[PDB]
J.: 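To start, I am sharing the structure in question, which I have written as structure tokens.
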Amino acid sequence: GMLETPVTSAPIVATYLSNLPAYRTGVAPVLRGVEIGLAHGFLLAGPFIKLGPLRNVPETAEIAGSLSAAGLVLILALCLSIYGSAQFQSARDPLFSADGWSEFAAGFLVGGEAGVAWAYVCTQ
Amino acid sequence: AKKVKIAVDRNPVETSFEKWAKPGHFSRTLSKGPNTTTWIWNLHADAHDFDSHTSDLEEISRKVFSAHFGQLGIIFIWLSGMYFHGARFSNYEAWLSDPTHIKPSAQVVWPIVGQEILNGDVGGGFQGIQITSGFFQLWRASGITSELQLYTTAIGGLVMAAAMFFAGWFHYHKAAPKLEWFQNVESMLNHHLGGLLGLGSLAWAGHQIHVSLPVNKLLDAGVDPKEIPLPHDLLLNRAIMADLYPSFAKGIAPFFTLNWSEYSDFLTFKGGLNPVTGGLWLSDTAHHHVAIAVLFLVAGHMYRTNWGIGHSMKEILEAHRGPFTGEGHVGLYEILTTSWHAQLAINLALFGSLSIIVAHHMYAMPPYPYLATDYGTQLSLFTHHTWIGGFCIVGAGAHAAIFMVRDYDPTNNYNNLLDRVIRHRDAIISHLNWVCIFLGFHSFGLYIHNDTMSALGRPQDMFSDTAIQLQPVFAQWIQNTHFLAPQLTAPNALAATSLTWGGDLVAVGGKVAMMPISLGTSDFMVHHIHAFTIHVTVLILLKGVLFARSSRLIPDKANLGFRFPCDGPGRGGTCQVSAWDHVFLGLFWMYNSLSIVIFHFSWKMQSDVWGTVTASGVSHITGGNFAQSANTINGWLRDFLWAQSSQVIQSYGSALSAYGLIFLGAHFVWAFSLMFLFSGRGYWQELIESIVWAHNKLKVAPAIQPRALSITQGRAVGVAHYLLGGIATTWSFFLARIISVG
Amino acid sequence: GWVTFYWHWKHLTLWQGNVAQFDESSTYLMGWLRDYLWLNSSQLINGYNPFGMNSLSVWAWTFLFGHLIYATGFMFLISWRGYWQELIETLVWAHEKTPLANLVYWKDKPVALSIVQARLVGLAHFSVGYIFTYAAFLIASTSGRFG
Amino acid sequence: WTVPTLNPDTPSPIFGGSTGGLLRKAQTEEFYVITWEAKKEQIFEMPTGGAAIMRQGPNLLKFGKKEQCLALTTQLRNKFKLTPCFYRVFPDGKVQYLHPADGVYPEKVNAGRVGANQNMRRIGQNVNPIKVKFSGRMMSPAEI
Amino acid sequence: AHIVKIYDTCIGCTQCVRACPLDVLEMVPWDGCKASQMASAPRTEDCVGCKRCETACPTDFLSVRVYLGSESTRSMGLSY
Amino acid sequence: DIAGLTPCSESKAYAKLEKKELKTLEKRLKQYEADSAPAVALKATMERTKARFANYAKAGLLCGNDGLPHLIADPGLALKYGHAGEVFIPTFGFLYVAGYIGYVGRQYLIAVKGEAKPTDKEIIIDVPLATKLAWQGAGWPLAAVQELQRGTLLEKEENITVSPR
Ligand code: CLA
Ligand code: CLA
Ligand code: CLA
Ligand code: CLA
Ligand code: CLA
Ligand code: CLA
Ligand SMILES: CC1=C(C/C=C(\C)CCC[C@H](C)CCC[C@H](C)CCCC(C)C)C(=O)c2ccccc2C1=O
């Protein structure tokens, strides 16, 4: 069969993945979308603020960077939505279905924008 | 316990010109003679492919052994010519008197069709082509002071060349070693470690201690070369040597009584560069070769041959067995004693990597007198030995794939290191694939980021020392550690091994020989370009070796062979799947990667090291513009290629006008090659049909049917012309530039 | 290219009044490389430099932009399909075995470009880089000199 | 001769495994199974890369595409003089048998086979492309 | 699926059948040649278009011809 | 003169060009000795330079505003004004040699087609035959024309293979 390896087949690694929102079955797709969106949205603000074109402005740097992070989350939400449209047109987990993914994309937008807003509040 | 012994066969082959008159005799396919022009190319392509002429390993080994004598004989003719031309067509004797003002020259052209203009004014009342091979500096270091000494070496070189060709004939036609002789790897390593490298180093130490050191000590003192004692007078008269080095007054008793400190006057550990000549101390070099001689002579007593003591190489390999690697190194000993290609793959890899290491160490620690201040020699030697190393490494991939197709046998390799590597090749190539993509974005993308920010009028947004900074902190730490080594970690060394680490510059004849090299943001960016282009070359070559036998596209690629064009247009198209084609593609990337290496060296040296010393300070050739300009692609185009190519394009009408012609001619050959790379033989075979019709119409059609080159030969002809044109273009550009200003 | 180089160089010398340069330097190929391509690139490649930029920085940027598209075309013309199809097969393997990414999947099986497609794609890059490089040089050399 | 029936419980060669094996296609579209009898335990080369030991008696392997199965078949026949046969297996559980289609390898002529895609003319006697134009689809003159 | 056609110049050498790496071709009885056998292409849905059969045909011009046509998972030689 | 050109012997720019080349050589000369090897070589070059400029003027060439010789290719203009030696005469000089080489090779190729193994006579040249044909080629224009009139120069259209059409 496939080449066995500790990275591919280890107990500690398997348990960690099984607890991630993507693999945690039994949770509504919308809730998983919010949990995933919040984590990525919070991180997405970092690089824009520190290395953006308006990084050296004292107060505008925080606003401009976070506002660009919010924009990228919006674009990503569109990518999630159209992916579901193309992939699911006609199985065990509700997420991998036309109904499930549409809820998942909506949750990501709500969670992602909340994370970007929450990141801004931390700064000011 | 097969004894190690000499074993030959008497008169294996007859010496006759009969087969010289029967082209293709070596191969069954070509022995029948030509019917199409394809036969002619096949004759030269398969001439030295011994492994395919016969399936007998003994017959293959005997041809390899004698073909090596022919290579040695050719080098001696070449070496003899270099020494002879130094004696008869050079200004070496004048150069010894005024090394800092006279340009070395050892080639003279005849006065025909107006080519005598190439005999430039080089100094010493001599006209000739300036040479960048560094032979004058080598001869001075060894102690050569007259053209008679050069002449005798050339005559000795021809005698050695005759001996080498006799040996090849003798050991193929008269007394050919048997296969069991060739397979004494333990014995060969013992002799080559302690005998070739070991005694060779000791013998050269004898020359340096007795000839080079006394002669160069007086030359540096200003003594006229003609008034220096001859090397044999130094050897016969211990009184003379005692004057230069008092340690000689005690003879060899200190060596045998272990009072080795008595020889401190000529066996030194100074470090640094000789201030008078700008090269390494020869007393340091002598202690180096004496130390190296002992290390290798000890190394030559490690393997067991006939007297029990020693190691068995098979036993070492089979003992190194771990939990993560299955059987381990089992089966490698049989692979490496029955496959010439496997041996060649290893040796080319390390021999090529060694040639690249030589280039870095020789420029940073100039080992010859007046080598450093001769910028043309420094640039040429570094660039020459980088190109040699590059080609050898690509060959290592080529002959690793040949082993994989021809000499690989699954029965002998089951669950060993070799087998397990093949069983996760997708994991290796997929990861190496991602690393190359990552390195391409985060190294070349930075240049594109800088070029766009600069064009938009946003210099503060660029990656540079005056902007967002990328300091090679790790390299800078190592430079400082080596600079302070003599204080605490190498107490008995007087100076740092190189002046690149730090300290003060050494100037010879008003020119900088070596000074500290600073690493900044531009150096950070260029180095990660090197890592990118090297990693890609590994990807192409390693992919060819791992997928030589099969892939998910061609499950039976081994049966097709090592060198085939494709498996047809099916499966979407299978052009260039053979392992030979991975060498073909790997050659382009090796050329791409080494071109940046020699551009990096050329611009960094001119900008930051080379220059003229004056009262105020050091003025460099390009005035320190590397730091601010080499962070954009536009900077390289304008400041390096466009500005420095001024010398080559203005060469007409001068002694350097030859470089101008070759600069254009090289551009031509390179573009000519794209005809073979961008086309296919289907078009050309149809074109020849119409051309053949015209000859048939005139009863002048050849008997050997014209054929368009094969698919593989089109790719081989393309890459050979592409490399020759590209490399020759840089060669002309470098020499016309550095000779003109350097 | 030969036609437009000939038209451009013969007119630049006329527009500067020094027709003698073309008459003397046009009879050998070093004159073209030296006195036409190298001599007239001085202003183009200074559109932006470590000291600043001017109105020619767009043509300087487009000049290198052309060289890049041209060189990218060599990849599609020199290296052919079989190499790339086998490389893509390890990328398909890597995606399927990667956790947290094999949740996403493709609908069209990735494959290398076809034999015929890569010739067109390589020729398109070759032509575009060809055109954009000379357009930037033609306009920049002529406009900066007089305009 | 009758069509053999596949036995899913047939033992498989001694193989550690590799990364060149089946992919997600096998679980969604199809895969291929090759079976044969071995006179003695021997080492052979896997078309997916590596070496495997064939057990004495029946052996069974699974491959991702047909060409891989027929590549192993050539190796077994030419070197080991064996007589392997392989199937096409679908995810729904259906099994399709092929090679040898009728029990005799195609290289050997056998009565009962019906010629297919045979044109009783030469290549030079095909019609011109103009005469098969606007036939509803791109059609070569050889097709008609 | 590709198109594979056998023409009446076949001499029944069987080289095309041996060359084929996907068992697309086979030999059938015939009376139009000395060998009394002709090549057949009953399983063209498995053809990949390698044209190894055309490489192996001795007759001039070829007696077996492959016309690349519509692509699919099998004809594109994919294992994924 | 012709096309606005002037004889090089009467051209001011042509004369100035000679001084420039001699001046360059003289400048290098004064850094050597009177009769040293480099000095002798430079003096030899200057003699050839002076001879070259005298020969081209004596030949009656035409110089342009650049002060460099230009050649006349029209046969009518060449013979009209005595420029036949520039292009016209060398035209028939080359064709004789070019036809010589081609005719000799064609004779050899026909000669070996009658042999048992023509291919082995092409990689391994039959030197005795080649030398025989090399000397007889001096009369190729006469032999070439007679073949044309007798109709044995060209193959028949029916004996030449062609592709389907
Ligand atoms: C005059 C002496 C002589 C004679 C008559 C023979 C005769 C024979 N030898 Mg022997 N041989 C000789 C000397 C001689 N050898 C020497 C000196 C060596 C040591 C290198 C060898 C090594 C040797 C080997 C290893 C083999 C033979 C073989 C042969 C046979 C065929 C050789 C052939 O076809 O050569 C014709 C080939 C050439 C004329 C090529 C010459 C190549 C040399 C090395 C010059 C290289 C120049 C180099 C490329 C220059 C750069 C080129 C660049 C400027 C373009 C034949 C029985 C072969 C044999 O028996 O096969 C069954 C065989 O495998 N010989
Ligand atoms: C102390 C012994 C000794 C020495 C010095 C050498 C030296 C060499 N061997 Mg090695 N070799 C040895 C023992 C030795 N070998 C033994 C015991 C075996 C059998 C197991 C081999 C088997 C072997 C093979 C199979 C090959 C070599 C080759 C080489 C050469 C590699 C290229 C090089 O560096 O050229 C450097 C060049 C020089 C130093 C100048 C020329 C050679 C000088 C004169 C040293 C001669 C050493 C010789 C063994 C002394 C006896 C010669 C004769 C009187 C019997 C090199 C000359 C390769 C080669 O190139 O062969 C031609 C090669 O193919 N050797
Ligand atoms: C391989 C390297 C090498 C060689 C060949 C030599 C050689 C020499 N060294 Mg040097 N030396 C070396 C390395 C070497 N050295 C190193 C590494 C060091 C640093 C430790 C030194 C340090 C050193 C010192 C400090 C001195 C020398 C000296 C000498 C000379 C005399 C040695 C002596 O007393 O020998 C004693 C005896 C022998 C070596 C045996 C000789 C055997 C002969 C050749 C046998 C001949 C037999 C034959 C059948 C007879 C001919 C018959 C025929 C005519 C018919 C001698 C020229 C001395 C000298 O004079 O310097 C100027 C000296 O003072 N060396
Ligand atoms: C120690 C070095 C070494 C040795 C001994 C060999 C030996 C061999 N190689 Mg390997 N190889 C090497 C280095 C080496 N290789 C390197 C560095 C590379 C990378 C470029 C390769 C790449 C390579 C490939 C890709 C192949 C081999 C093959 C072979 C085999 C047949 C070679 C042959 O017939 O050539 C005959 C020689 C020629 C046809 C002459 C080539 C002339 C070149 C192209 C000229 C280039 C320009 C010139 C140097 C300078 C200008 C010339 C001027 C006239 C304009 C043979 C076993 C072939 C094989 O089948 O192996 C099993 C094969 O396919 N090698
Ligand atoms: C300038 C010409 C050029 C370029 C840009 C490339 C680029 C590449 N080659 Mg190719 N190649 C070339 C010439 C070129 N090649 C030639 C002439 C040959 C024939 C010898 C080959 C032969 C060849 C082989 C055989 C291989 C490559 C590989 C690669 C890749 C290296 C790794 C990587 O992904 O880097 C990162 C990508 C880049 C640096 C490209 C430029 C990226 C820009 C600057 C930034 C991105 C733009 C940004 C997103 C904005 C887009 C906006 C737009 C959408 C509107 C890469 C795609 C290797 C590969 O695939 O490795 C995985 C590989 O195996 N090449
Ligand atoms: C390649 C084509 C070509 C061209 C464009 C020319 C052009 C010219 N030729 Mg030349 N000529 C050519 C080939 C050519 N010639 C050839 C192959 C030959 C035979 C070897 C000649 C023989 C020749 C002679 C003998 C004369 C010219 C002359 C001329 C000039 C005016 C007449 C003329 O030919 O008009 C256009 C050309 C053609 C239509 C092609 C055929 C030209 C024939 C062969 C010559 C016509 C001469 C004409 C009747 C002279 C009348 C007197 C004149 C002063 C008006 C003109 C510069 C005349 C001259 O010197 O004028 C100053 C002149 O006397 N030519
Ligand atoms: C130009 C070209 C050709 C045509 C080139 C050919 C046929 C090679 C020509 C070699 C020489 C010039 C011909 C043989 C010369 C003889 C040895 C006789 C010469 C006699 C004297 C003049 C020396 C291909 O065959 C080809 C094949 C595959 C991909 C690309 C190409 C390709 O680009």
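Residue numbers start from 1 in every chain, and the chains themselves are labelled A, B, ... in the order their sequence lines are given, proteins ahead of strands. Values reported hereafter were calculated over all heavy atoms of this structure, with side chains retained and with hydrogens, waters and symmetry mates removed.
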J.: Could you tell me the separation between the CG atom of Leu91(C) and the CD1 atom of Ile437(B), rounded to the nearest 0.5 Å?
T.: 6.5 Å
J.: So for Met30(C), is it side chain, backbone, both, or neither that comes closer than 4.5 Å to the heavy atoms of chain B?
T.: both
J.: Select, from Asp567(B), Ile633(B), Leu539(B), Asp451(B), the one with the greatest count of heavy-atom pairs under 4.5 Å involving chain C.
T.: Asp451(B)
J.: I want to check something: taking the side chain as every heavy atom from C-beta on, are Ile554(B) and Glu86(C) in contact at a cut-off of under 4.5 Å?
T.: yes
J.: If I measure from the heavy atoms of chain B, does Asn54(C) come under 4.5 Å with its side chain, its backbone, both, or neither?
T.: neither
J.: What option among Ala427(B), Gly635(B), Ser629(B) has the most heavy-atom pairs under 4.5 Å with chain C?
T.: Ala427(B)
J.: Taking CZ in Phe146(C) as the centre, count heavy atoms belonging to other residues, nucleotides or ligands within less than 6.0 Å. Is the count above 12?
T.: yes
J.: With only heavy atoms counted, which part of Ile115(C) is less than 4.5 Å from chain B, the side chain, the backbone, both or neither?
T.: both
J.: Rounded to the nearest 0.5 Å, what separation is found between the CG atom of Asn634(B) and the CG atom of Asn46(C)?
T.: 8.0 Å
J.: Where does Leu33(C) contact chain B at under 4.5 Å (heavy atoms): side chain, backbone, both or neither?
T.: side chain
J.: Against chain B, label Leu87(C) side chain, backbone, both or neither, depending on which of its atoms sit under 4.5 Å from a heavy atom there.
T.: both
J.: If every non-hydrogen atom of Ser57(C) is compared with every non-hydrogen atom of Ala455(B), which pair is closest and at what distance?
T.: OG-O, 3.4 Å
J.: Taking all heavy atoms of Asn49(C) and all of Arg638(B), pick out the closest pair and write down the distance.
T.: CB-NH2, 3.7 Å
J.: Please classify the contact of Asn433(B) with chain C as side chain, backbone, both or neither, using a heavy-atom distance under 4.5 Å.
T.: side chain
J.: Please work out which of the three classes, parallel, tilted or perpendicular, describes the rings of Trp642(B) and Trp38(C), given edges at 30° and 60°.
T.: parallel
J.: Kindly compute the distance separating CZ (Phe584(B)) from OH (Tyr83(C)), expressed to the nearest 0.5 Å.
T.: 12.0 Å
J.: Do you know which of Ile45(C), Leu44(C), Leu64(C) has the most heavy-atom pairs under 4.5 Å to chain B?
T.: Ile45(C)
J.: Quick check on the interface: out of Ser79(C), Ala60(C), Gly122(C), who has the most heavy-atom pairs with chain B under 4.5 Å?
T.: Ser79(C)
J.: What's the spacing between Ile448(B) CD1 and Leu68(C) CG if we round to 0.5 Å?
T.: 6.0 Å
J.: How long is the span from the CG atom in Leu456(B) to the OH atom in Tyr48(C), to the nearest 0.5 Å?
T.: 10.0 Å
J.: Give the member of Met462(B), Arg425(B), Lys543(B), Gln628(B) that has the highest number of heavy-atom pairs under 4.5 Å with chain C.
T.: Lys543(B)
J.: Looking at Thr452(B) and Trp61(C), what are the two nearest heavy atoms and their distance?
T.: OG1-NE1, 3.6 Å
J.: Please look at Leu585(B) and chain C and tell me whether the side chain, the backbone, both or neither of the residue comes under 4.5 angstrom of a heavy atom of that chain.
T.: side chain
J.: Tell me, side chain or backbone of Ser679(B) under 4.5 Å from chain C's heavy atoms, or both, or neither?
T.: backbone
J.: Is it the case that over 12 heavy atoms from other parts of the model lie below 6.0 angstrom from the OH atom of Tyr28(C)?
T.: yes
J.: Pick from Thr574(B), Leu553(B), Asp426(B), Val577(B): which one has the most heavy-atom pairs with chain C under 4.5 Å?
T.: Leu553(B)
J.: Using non-hydrogen atoms and a 4.5 Å limit, figure out which bit of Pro569(B) sits close to chain C: side chain, backbone, both or neither.
T.: both
J.: At a 4.5 Å cut-off on heavy atoms, which part of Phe65(C) comes close to chain B: side chain, backbone, both, or neither?
T.: neither
J.: To the nearest 0.5 Å, tell me how far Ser430(B) OG sits from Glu89(C) CD.
T.: 12.5 Å
J.: Between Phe76(C) and chain B, which part of the residue has a heavy atom less than 4.5 Å away: side chain, backbone, both or neither?
T.: neither
J.: Sort by residue number and list every member of residues 664-676 of chain B having a non-hydrogen atom under 4.5 Å from chain C.
T.: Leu664(B), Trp670(B), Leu674(B)
J.: At a heavy-atom separation under 4.5 Å, does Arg571(B) approach chain C through its side chain, its backbone, both, or neither?
T.: backbone
